[PDB]
Ligand SMILES: COC1=C(OC)C(=O)C(C/C=C(\C)CC/C=C(\C)CC/C=C(\C)CC/C=C(\C)CC/C=C(\C)CC/C=C(/C)CC/C=C(\C)CC/C=C(\C)CCC=C(C)C)=C(C)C1=O
Ligand code: SF4
């Protein structure tokens, strides 16, 4: 009865947690193979059998390796920031729509907006806590990212929301039963991927890491334990944001198998782009968000305010 | 009393907000930090009263809009502070 | 084709010499790519194409 | 730093991210090549030039 | 909510256990005065990271606070479209988005969106 | 029940907040409290719509002041206060003890949750936030929203004029 | 950008077989000498030099497609590091730095 | 489209899935080639022009080594 | 395991320092390790030094209370701000439990060098015999603690993230050695 | 030099087995540690992360090991920038005096267990500039070295062979099995 109900909710979260945690390990392998094939390389192929156990073969090393205690760092902050980076990455999954109920989440769309914003503090605190010049530049390079994508992100979500009528993610299924919103929203799909990259701090928007501009960005002063969680928390973001693209533009048939064939493909796209584009320039992004994306997104609210109004009169 | 069982806690929190807004901290930002602390508590009470009404919580948005502007304006004045004094310390201002 | 800003002598090649046309037929063509990620599109076709090649790796030491 | 090619030491004067002054500290790869050449026959000195502009 | 809080705590405990395993599973060696020194490309650092870091997007930084608080007023739109008067809802919404665009284009034309130079 | 424990934590975090000196210590204290107040407000309401909004609004303000803290008050100090840790921990457990032995039907707030409403209330069967946010965009209160718009846009003109971007960056000279 | 590094260093690997095949070292051939080169080319090298050259145009086109017209690539390079012609001469500049700014000079 | 027919063949000279797996586990690849010769120490040398130049000639190490 | 055994987190109790008798009945003659190593080698180069006993002690004698105060001044861990304070180890039994627990739990090596065997080393006062040769007989020139310790504890300093201006931390006062006569009175 | 076994003699030798400790442990506790010691070594062996030092003209041949022809990444070797996450350092080039304090520090910042590879003659023994007035005569003067890869520059395969030697050296560590005896 009701007492039993919440037990199942625990199982689902734990089941979803271990499954996501496992997948991000295998995603990292997939990233190396695919990125190893776009480049004419072969990719990890020796370890174990045909390279499949590679990511596990790395999780051993990052945990048998010593913690680093930076001399000039506020140790408690430096030590805790990895936890909340991983926690916020996993926690945002509880809003992922299931028809076999996991959590109701009316206003689920907002819950996305709150959680994704939090992911910046963990980078921000980690960089400042490390107390290294590069780490601080990485942190403040990450914050400036939020100032850019944050506002445009909400508006673009609002456009999708107008189509469905509510902030509950479940309704995306019903409206994408005949077709896919990709057709109606092609430029937004293309724009949305672009902002999605900023969310997860990937090439061409890789500024928090800032590899080859900063030595390793805000991660420059992390090691075995802390660095691992920072890494996993990174790829959990990709996996979710890839899924959130599949529920919005690609049917949202969560109970069908193909939905998971789609989910991996969008994950491939994220790796695919990393092997194509050079990194933007730190300012060109912020100009891009405010000069083009923000103006672009507002323009279609009118287009969808008119379209919904026009459609309302007929129906 | 009703006011003690339901409205005491937010008020006690509010006055603690003010006592932050007046205590002696070197940096002007310490005032801004405590500024939106108080606003957070004002929202809490205002949200108690608005919910005594069945459907009037929409006014929360009205309050939040003025909350950010005073913070946003409060932050602008700090910027103008820097580019005349060079620093925001309270003890750097002429005591008058 | 647009013209060259600087006339070219013999035995020399210029890299950025052609000017930009201002005919609507061309501005729209530039605009369309600038507006639908057209330049990046062919960049993505090329990289994906390399998935379908034999990688040049050697199975050292065998 | 990876972009420095393991030799360069730019002592930048950063006003935020913008650079106001750059001091290219050089000599991290000074191997007194031109003094060794003074001790070597012409043929023995030919390999030294493979190393310059490697 | 109360379900979510419980799982929020349960996850936080789980992730916390992960480093508490890492901190013990980690190889332990004597810490050196140089091992814990900061990383700044192998040369000692001139400047603490806690010096004042100049800012150039300060103006955008403030504008970001504003533009969000208008996101609080567009989000409710959808929820109240079936229930509101269409003229009032239509008129007000438009003159909400035109006001935003006009504000943006005004500053863009004034060059405030550009960074300090 | 957790409402009382939320009362204890918001009190506890407020006591320490009075004693913070380092700006980031203030910020961390404030950020933690913004979570609780956001959580607490949704308990006594028909929906958490406003907690989402409030949380989102303040997080915008949280980032910006770090950017200025990291530029103005970058070099400052912390001091663990054994008086403070004991005092908060002492009262915190003390307060938590009461919440277990409290007549927590009496401590619950009389504000009507969505379930607290009757079954006959026909207006409670619509969308979660339809009616409440409704007259924000209907005659005559809509003009208030319009008034904000100018107020916000006119604000946007105030910051650029106070700021005077062209006369340089900001440094803690 | 990463792929151009690998798409080109694959051709670079083929090219340093010709160094290895005439001199015996993939790098630092020590082949050119004051009296002329130190050995004749191996029999049949020139056929393989042709074979590499015949295919090298395609390799450079693919990198060009991904880089030259890329919108991001232009922004990361355009108007960054301008060298006016009169500045360059005074500086002892040479090579592409000299011809980058329009001077028609090639030793 | 028809690599399976090659794949089944690789198994047959391998000696069934059991010996095929150990081959894959050891050499990290399954390749068809003609035994050119056998050295004094048991290493078997294969060749197949089908593959491109670098991978054209390969060696099987003696079984007793095993890693 | 001497300048770290007193700077470690385990040795403290949240800011404190349980010392036997507050360390005021313990007198020590610590010697810099390099001087000891020099003694070993010098004894190796010489055959005259064979078959004899040598005592390797520093140049000065300090009360254990006096030393630990000086470290925490060097480490910027002064009582005024940091909150350092000295128990008497006999008063608190919690500390002895920590060692007993610490020894048992750790399989490889005690953490913070803390274990009951190490405690007894601290309590016992150095007893340099008269008439046994010292390293000065071997030609070693002993380094004083004031020369070396202030550089040993630089990486253990508290609030090391500060970037202090010059003069914002005042140079600590040196420790006061214990005169030979004073040791008679100190021990009654 | 110990020559390899003849085929007929080798035709009798038993299969080597994976672990270099064999399965001949007397007790359960020893045997479990031995197997558990393999698990560590299998981990560290698999993913060896160089630091991207790249000092001098060995550095170029340290790029071609990552090039598609040889593909260091096939072996789990992944280049990294920060010395904190880096596990191995490949000192490839001429370590001059001006650099020497910088290498020492960068090596120190690397967390244990850290292995060093010396590439080319320059980093091995000073190489072609052995007698120069501003060259450290081999990096082993400054940091411990675990593998020496000769060459000038070492061929790409030569370095690959060096890396595999480091995997085998890692594979046979006795970090746990020696704790038991300790
Ligand atoms: C040379 O030029 C070049 C450069 O210039 C320098 C480059 O920078 C680069 C840069 C390359 C990149 C940026 C590539 C992307 C790679 C990175 C950013 C980092 C490298 C690391 C990886 C790819 C590995 C990915 C994985 C991780 C880092 C760890 C993540 C955490 C994981 C996998 C753990 C998951 C958790 C789980 C519970 C999974 C299931 C269980 C386990 C792991 C348990 C394991 C074992 C046990 C518990 C033992 C139990 C035993 C018993 C009971 C007996 C290249 C390619 C280059 O060519
Ligand atoms: S060893 Fe040879 S190839 Fe390597 S850096 Fe020195 S001169 Fe160059």
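Please note: Cβ atoms are built from the backbone with ideal geometry, for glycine as well, and neighbour counts cover all protein chains shown. FYI, it's all coordinate maths here, none of it is from the lab.
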Checklist entry - What's the FRET efficiency of residue I:159 with residue F:173 using the Cβ-Cβ distance as r and R₀ = 25 Å, to the nearest 0.05? => result 0.50
Checklist entry - Taking the Cα-to-Cβ direction at residue J:6 and at residue A:101 and moving 7 Å from each Cα, how far apart do the two end points lie in nm? => result 8.1
Item to check | Theoretical ellipticity at 222 nm over chain I - DSSP helices of four or more residues, -39500 (n - 2.57) apiece, nearest 500 | outcome: -9000 deg cm²/dmol
Item to check | segment H:34-60-segment I:52-102 distance, computed between alpha-carbon centres (Å) | outcome: 72
Checklist entry - Is it possible to state the helix-based mean residue ellipticity at 222 nm for chain E, with each DSSP H run of 4+ residues giving -39500 (n - 2.57), the sum divided by total residues, to the nearest 500 deg cm²/dmol? What is it? => result -19500 deg cm²/dmol
Next on the checklist: Per DSSP helix of 4 or more residues, -39500 (n - 2.57); summed, then divided by the residues of chain F. What does that give at 222 nm, rounded to the nearest 500?
Outcome noted: -20500 deg cm²/dmol
Checklist entry - Measuring from a point 7 Å past the Cα of residue C:32 along Cα-to-C-beta, which residues in segment G:54-94 have an amide N at less than 20 Å? => result G:69-71
Checklist entry - Helix A:2-38 versus the longest principal axis of chain A: what is the Cα-based angle in degrees, 0 to 90, to the nearest 10? => result 70
Item to check | Two-decimal Rg to Rh for the protein assembly as shown - Kirkwood Rh, Cα set | outcome: 0.98
Item to check | Two-site label geometry, residue H:50 and residue A:180: point separation in nm, points 7 Å out along Cα→Cβ | outcome: 3.7
Checklist entry - Any idea what Rg and Dmax come out to for segment F:1-58 if you just take the C-alpha atoms, in Å? => result 12.3, 38
Checklist outcome for this item: Checked chain G against the a/c 1.5 cut and the a/b vs b/c comparison, axes a ≥ b ≥ c from its Cα gyration tensor; verdict oblate
Item to check | Degrees, to the nearest 10: A:258-274 long Cα axis against longest axis of chain A | outcome: 50
Item to check | Average beta-carbon neighbours from other chains, 10 Å sphere, peptide E:6-16 | outcome: 6
Checklist entry - Taking the Cα atoms only, what angle lies between the long axis of helix I:64-74 and the longest principal axis of chain I, rounded to 10 degrees? => result 60
Next on the checklist: Compute the distance from the alpha-carbon center of segment A:77-125 to that of segment E:10-45, in whole Å.
Outcome noted: 25
Checklist entry - Which of rounded, prolate, oblate describes segment A:100-218, given a ≥ b ≥ c as roots of the alpha-carbon gyration tensor eigenvalues and a/c under 1.5 marking rounded, otherwise prolate only if a/b is larger than b/c? => result prolate
Checklist outcome for this item: Ranked output for segments G:29-38, G:58-67 by mean other Cβ atoms within 10 Å, highest leading, reads G:58-67, G:29-38
Checklist outcome for this item: Long-range share for segment J:45-172, i.e. C-alpha pairs more than 25 Å apart as a percent of all pairs, stands at 16
Checklist outcome for this item: To the nearest 0.05, the calculated FRET efficiency linking residue D:41 and residue J:63 through their beta-carbon distance, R0 being 51 Å, is 0.95
Next on the checklist: Would segment B:2-92 count as rounded, prolate or oblate if I go by the C-alpha gyration tensor, calling it rounded below 1.5 in a/c and otherwise prolate when a/b exceeds b/c, oblate otherwise?
Outcome noted: oblate
Next on the checklist: Test of understanding: express the Cα radius of gyration of chain E as a ratio to 2.2 N^0.38 Å, with N the residue count.
Outcome noted: 1.93
Checklist entry - Given springs between every Cα pair under 10 Å in a Gaussian network model of chain A, which of A:298, A:30, A:76 has the largest fluctuation? => result A:76
Checklist entry - When the Cα centres of segment B:59-84 and segment G:45-76 are compared, how far apart do they sit, in Å? => result 55
